[PDB]
Every structure is written in C-alpha cells, then in structure tokens.
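Here, each number is a calculation from the coordinates, and none is a lab measurement. Please note: Cβ atoms are built from the backbone with ideal geometry, for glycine as well, and neighbour counts cover all protein chains shown.
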Amino acid sequence: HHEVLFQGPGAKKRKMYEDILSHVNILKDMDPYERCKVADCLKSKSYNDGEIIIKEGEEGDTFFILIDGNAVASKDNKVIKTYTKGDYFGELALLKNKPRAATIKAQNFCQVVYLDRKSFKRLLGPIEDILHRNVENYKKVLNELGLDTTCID
Ligand SMILES: Nc1nc(Cl)nc2c1ncn2[C@@H]1O[C@@H]2CO[P@](=O)(S)O[C@H]2[C@H]1O
C-alpha cells in the first residue's frame, strides 16, 4: 500500500506528479518508491510555440517529460518523432554522454517537467537499460529515413 508515500510535507507535489508519471510509459513501470522520488525532484518550465527545446549538436544535461502541448523532433530536417502529453525525450545524451542527436521544437504552448543530469543519474539509474533498448527503435527510424546513426552507435 502507498499511504506511506503521501503523508509528509512533500505529499502535494508528490501527488500532482504521480498520476502523470503513471502515464509516461517507461517510468509508469518503476515501482512506487522509485517513482515518488522522481516526483519529488521534478521541476517545471514552459515553451512557446516555435521555441527550440533541444538543439541538435549541443551538449545536453536535461531530461524532459512533456505534460501538455505538442512538440516535434527532427534530424537533418526530417521529422523523426511527434510528441504529445506523456512522452519523454532528451535521455540519450544523458545515457551516452554525447551531444544532442536531434532537434526538438515546441509546436504550441508546451509545459514540461524535467530532471538535470545529476538527478537523472541518481534517480533513473535503475532503468537506464530499459530506456536504452528503446534506442533500437530509434535506429529503425534513422534507418527508415537514411540518416546518420553514429550518434547512437
Ligand atoms: N529517432 C531518434 N533518434 C535519436 Cl538518436 N533520438 C531521438 C529519436 N526520436 C526522438 N529522439 C529524441 O530526441 C532527443 C534529442 O536529444 P537526445 O539526448 S540525443 O535524446 C533524443 C531522443 O529522446
């Protein structure tokens, strides 16, 4: 039972965040304690229509979850993924310690929650492997479209 995870001061933030984390597919699968710790450390920010969230080729230190809005990822001007509420992105640079492999732009008013590298390494350590084999699905799209894949391998 979870009464223990929602009793203290931190409980308000813990609770708005938990329904949300419950629909981010790869972390909906973390168990509750681990997921409550993520909720504790999330921060919020917003992007306007047209703003760049991630610029391809830059160093990246931030992991994102989209909680509202529409954003789109492209690489060498090819659309490789559309994002909506519940999606996460920006993990690959944190896992591989390489520059951002793609650009992500807001397509309307977007609200996100995020973790920095130290928080991502600390809290999401238990699942770096599961996150990592999602990357194979990234290869397919890179290949589907004839784009460079050395950013992954
Ligand atoms: N087909 C895809 N290939 C790749 Cl390498 N990254 C993809 C793909 N689709 C989305 N992304 C995401 O765009 C982000 C760009 O900053 P990262 O740290 S490299 O993380 C990246 C991924 O989360």
- Could you tell me whether any residue of region 122-136 is touching a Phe, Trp or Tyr at 6+ places or on another chain (Cβ under 7 Å), under 30 Å from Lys13 (Cα atoms) and surrounded by 14 or more Cβ atoms within 10 Å (Cβ to Cβ)? no
- Query: Name the pairs whose Cβ atoms lie under 8 Å apart, with the first residue in region 8-26 and under 18 Å from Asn134 (Cα atoms), the second crowded, with 17+ Cβ neighbours inside 10 Å and among the acidic types (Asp, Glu), and 6 or more positions between them or separate chains?
  - Reply: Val24/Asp87
- Could you list, in sequence order, the residues of region 47-79 that are in contact with a helix residue (DSSP H, G or I) (Cβ under 8 Å, 6 or more places away or on another chain) and more than 19 Å from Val24 (Cα to Cα)? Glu59, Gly60, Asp61, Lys75
- What's the number of the condition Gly86 fails, among (1) within 18 Å of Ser119 (Cβ to Cβ); (2) touching a strand residue (DSSP E or B) at 6+ places or on another chain (Cβ under 9 Å)? (1)
- Would you be able to say whether some residue in region 56-64 is acidic (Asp, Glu), touching a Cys at 6+ places or on another chain (Cβ under 9 Å) and surrounded by fewer than 13 Cβ atoms within 10 Å (Cβ to Cβ)? no
